[PDB]
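Source file: data-v9.pdb. Holds: PDB, C-alpha atoms.
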```
ATOM      1  CA  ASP B   1     -12.527  -2.788 -45.345  1.00  0.00           C
ATOM      2  CA  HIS B   2     -15.407  -3.519 -47.724  1.00  0.00           C
ATOM      3  CA  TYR B   3     -13.729  -4.014 -51.104  1.00  0.00           C
ATOM      4  CA  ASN B   4     -15.275  -2.441 -54.202  1.00  0.00           C
ATOM      5  CA  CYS B   5     -17.855  -5.162 -54.818  1.00  0.00           C
ATOM      6  CA  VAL B   6     -21.403  -3.799 -54.997  1.00  0.00           C
ATOM      7  CA  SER B   7     -19.827  -0.809 -56.753  1.00  0.00           C
ATOM      8  CA  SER B   8     -19.841  -2.639 -60.090  1.00  0.00           C
ATOM      9  CA  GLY B   9     -22.156  -5.470 -59.088  1.00  0.00           C
ATOM     10  CA  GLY B  10     -20.880  -7.643 -56.266  1.00  0.00           C
ATOM     11  CA  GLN B  11     -22.049  -9.005 -52.920  1.00  0.00           C
ATOM     12  CA  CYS B  12     -20.620 -10.311 -49.647  1.00  0.00           C
ATOM     13  CA  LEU B  13     -21.171 -13.950 -48.675  1.00  0.00           C
ATOM     14  CA  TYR B  14     -19.973 -15.873 -45.618  1.00  0.00           C
ATOM     15  CA  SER B  15     -19.283 -18.814 -47.937  1.00  0.00           C
ATOM     16  CA  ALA B  16     -17.365 -19.146 -51.210  1.00  0.00           C
ATOM     17  CA  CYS B  17     -18.768 -17.447 -54.307  1.00  0.00           C
ATOM     18  CA  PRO B  18     -22.066 -19.041 -55.458  1.00  0.00           C
ATOM     19  CA  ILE B  19     -22.456 -18.337 -59.185  1.00  0.00           C
ATOM     20  CA  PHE B  20     -19.521 -18.538 -61.622  1.00  0.00           C
ATOM     21  CA  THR B  21     -18.023 -15.433 -59.991  1.00  0.00           C
ATOM     22  CA  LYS B  22     -14.670 -14.930 -58.257  1.00  0.00           C
ATOM     23  CA  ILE B  23     -13.817 -13.668 -54.772  1.00  0.00           C
ATOM     24  CA  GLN B  24     -11.329 -10.791 -54.812  1.00  0.00           C
ATOM     25  CA  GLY B  25     -11.150  -9.656 -51.197  1.00  0.00           C
ATOM     26  CA  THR B  26     -13.193  -9.509 -47.998  1.00  0.00           C
ATOM     27  CA  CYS B  27     -16.328  -7.528 -47.170  1.00  0.00           C
ATOM     28  CA  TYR B  28     -16.957  -7.013 -43.441  1.00  0.00           C
ATOM     29  CA  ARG B  29     -14.335  -7.569 -40.729  1.00  0.00           C
ATOM     30  CA  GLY B  30     -13.666 -10.942 -42.325  1.00  0.00           C
ATOM     31  CA  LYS B  31     -16.804 -13.044 -41.944  1.00  0.00           C
ATOM     32  CA  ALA B  32     -17.838 -12.573 -45.569  1.00  0.00           C
ATOM     33  CA  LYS B  33     -15.842 -12.451 -48.798  1.00  0.00           C
ATOM     34  CA  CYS B  34     -16.481  -9.901 -51.549  1.00  0.00           C
ATOM     35  CA  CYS B  35     -17.334 -11.482 -54.901  1.00  0.00           C
ATOM     36  CA  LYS B  36     -18.143 -10.102 -58.346  1.00  0.00           C
TER      37      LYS B  36
END
```
Would you write the structure of this file as structure tokens?
Amino acid sequence: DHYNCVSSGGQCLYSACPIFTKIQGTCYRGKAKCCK
């Protein structure tokens, strides 16, 4: 289940978090991780 990412200001990326963010959970089925 898409974790509350974009809600506050996050995005899903197939690879590890880009900027100095931190991945909390997973976005889609599990191909992308939710970061914020």
List the spatial neighbours of segment 15-19 of chain B as a VMD selection string - criterion: any atom at most 8 Å away, all atoms listed in the file, same-chain residues fewer than 2 positions off excluded.
chain B and resid 13 21 to 23 32 to 33 35
Long-range neighbours of residue 2 of chain B as a list in words, 12 Å cut-off, only C-alpha atoms, 3 positions minimum in chain:
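In the requested format, the answer is residues 5, 6, 7, 10, 11, 12, 13, 24, 25, 26, 27, 28, 29, 30, 31, 32, 33, 34 and 35 of chain B.
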Please identify all polymer residues lying at most 10 Å from the point (-20.5, -6.6, -66.3) (file coordinates), using all atoms listed in the file, and present the result as a PyMOL selection string.
chain B and resi 8-9+36
As a short mmCIF file (atom, residue, chain, number, x, y, z; two decimals), keeping the file's coordinate frame, please: chain B completed to N, CA and C atoms.
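Once written, out_5.cif looks like this:
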```cif
data_model
loop_
_atom_site.label_atom_id
_atom_site.label_comp_id
_atom_site.auth_asym_id
_atom_site.auth_seq_id
_atom_site.Cartn_x
_atom_site.Cartn_y
_atom_site.Cartn_z
N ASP B 1 -11.75 -3.82 -44.61
CA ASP B 1 -12.53 -2.79 -45.34
C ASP B 1 -13.29 -3.40 -46.51
N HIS B 2 -14.56 -3.01 -46.65
CA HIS B 2 -15.41 -3.52 -47.72
C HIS B 2 -14.82 -3.18 -49.09
N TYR B 3 -14.31 -4.20 -49.78
CA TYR B 3 -13.73 -4.01 -51.10
C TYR B 3 -14.79 -3.54 -52.09
N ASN B 4 -14.35 -2.93 -53.19
CA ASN B 4 -15.28 -2.44 -54.20
C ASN B 4 -15.98 -3.61 -54.89
N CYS B 5 -17.07 -4.05 -54.29
CA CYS B 5 -17.86 -5.16 -54.82
C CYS B 5 -19.16 -4.67 -55.43
N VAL B 6 -20.10 -4.30 -54.56
CA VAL B 6 -21.40 -3.80 -55.00
C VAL B 6 -21.25 -2.64 -55.98
N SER B 7 -20.12 -1.95 -55.88
CA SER B 7 -19.83 -0.81 -56.75
C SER B 7 -20.16 -1.13 -58.21
N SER B 8 -19.61 -2.23 -58.71
CA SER B 8 -19.84 -2.64 -60.09
C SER B 8 -20.97 -3.66 -60.17
N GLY B 9 -21.11 -4.46 -59.12
CA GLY B 9 -22.16 -5.47 -59.09
C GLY B 9 -21.74 -6.71 -58.33
N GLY B 10 -21.31 -6.52 -57.08
CA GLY B 10 -20.88 -7.64 -56.27
C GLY B 10 -21.64 -7.73 -54.96
N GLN B 11 -21.39 -8.80 -54.20
CA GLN B 11 -22.05 -9.01 -52.92
C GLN B 11 -21.15 -9.79 -51.96
N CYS B 12 -21.40 -9.62 -50.67
CA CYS B 12 -20.62 -10.31 -49.65
C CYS B 12 -21.34 -11.57 -49.16
N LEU B 13 -20.61 -12.68 -49.12
CA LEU B 13 -21.17 -13.95 -48.68
C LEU B 13 -20.22 -14.66 -47.71
N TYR B 14 -20.77 -15.17 -46.62
CA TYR B 14 -19.97 -15.87 -45.62
C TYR B 14 -19.26 -17.08 -46.23
N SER B 15 -19.86 -17.65 -47.27
CA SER B 15 -19.28 -18.81 -47.94
C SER B 15 -18.71 -18.44 -49.30
N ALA B 16 -17.97 -19.37 -49.90
CA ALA B 16 -17.36 -19.15 -51.21
C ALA B 16 -18.39 -18.69 -52.23
N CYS B 17 -17.91 -17.97 -53.24
CA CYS B 17 -18.77 -17.45 -54.31
C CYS B 17 -19.75 -18.50 -54.81
N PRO B 18 -21.03 -18.13 -54.97
CA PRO B 18 -22.07 -19.04 -55.46
C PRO B 18 -21.98 -19.25 -56.97
N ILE B 19 -22.49 -18.28 -57.73
CA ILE B 19 -22.46 -18.34 -59.18
C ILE B 19 -21.02 -18.50 -59.70
N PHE B 20 -20.84 -18.40 -61.02
CA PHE B 20 -19.52 -18.54 -61.62
C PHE B 20 -18.69 -17.26 -61.46
N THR B 21 -18.77 -16.66 -60.28
CA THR B 21 -18.02 -15.43 -59.99
C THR B 21 -16.65 -15.75 -59.42
N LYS B 22 -15.99 -14.74 -58.85
CA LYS B 22 -14.67 -14.93 -58.26
C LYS B 22 -14.45 -13.96 -57.10
N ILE B 23 -14.05 -14.49 -55.95
CA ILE B 23 -13.82 -13.67 -54.77
C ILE B 23 -12.48 -12.94 -54.87
N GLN B 24 -12.53 -11.62 -54.74
CA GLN B 24 -11.33 -10.79 -54.81
C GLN B 24 -10.76 -10.53 -53.42
N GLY B 25 -11.58 -9.95 -52.55
CA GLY B 25 -11.15 -9.66 -51.20
C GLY B 25 -12.20 -10.01 -50.16
N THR B 26 -12.23 -9.26 -49.07
CA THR B 26 -13.19 -9.51 -48.00
C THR B 26 -14.10 -8.30 -47.79
N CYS B 27 -15.34 -8.58 -47.40
CA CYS B 27 -16.33 -7.53 -47.17
C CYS B 27 -16.19 -6.95 -45.76
N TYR B 28 -16.99 -7.47 -44.83
CA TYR B 28 -16.96 -7.01 -43.44
C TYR B 28 -15.59 -7.26 -42.80
N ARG B 29 -15.57 -7.34 -41.47
CA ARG B 29 -14.34 -7.57 -40.73
C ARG B 29 -13.56 -8.76 -41.30
N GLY B 30 -14.30 -9.76 -41.76
CA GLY B 30 -13.67 -10.94 -42.32
C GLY B 30 -14.55 -12.17 -42.25
N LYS B 31 -15.85 -11.95 -42.03
CA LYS B 31 -16.80 -13.04 -41.94
C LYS B 31 -17.37 -13.37 -43.32
N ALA B 32 -17.33 -12.39 -44.21
CA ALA B 32 -17.84 -12.57 -45.57
C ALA B 32 -16.82 -12.10 -46.60
N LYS B 33 -16.77 -12.79 -47.73
CA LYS B 33 -15.84 -12.45 -48.80
C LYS B 33 -16.56 -11.71 -49.92
N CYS B 34 -15.90 -10.69 -50.46
CA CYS B 34 -16.48 -9.90 -51.55
C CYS B 34 -16.29 -10.60 -52.89
N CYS B 35 -17.38 -10.81 -53.61
CA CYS B 35 -17.33 -11.48 -54.90
C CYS B 35 -18.03 -10.66 -55.98
N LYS B 36 -17.57 -10.82 -57.21
CA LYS B 36 -18.14 -10.10 -58.35
C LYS B 36 -17.69 -10.72 -59.67
#
```
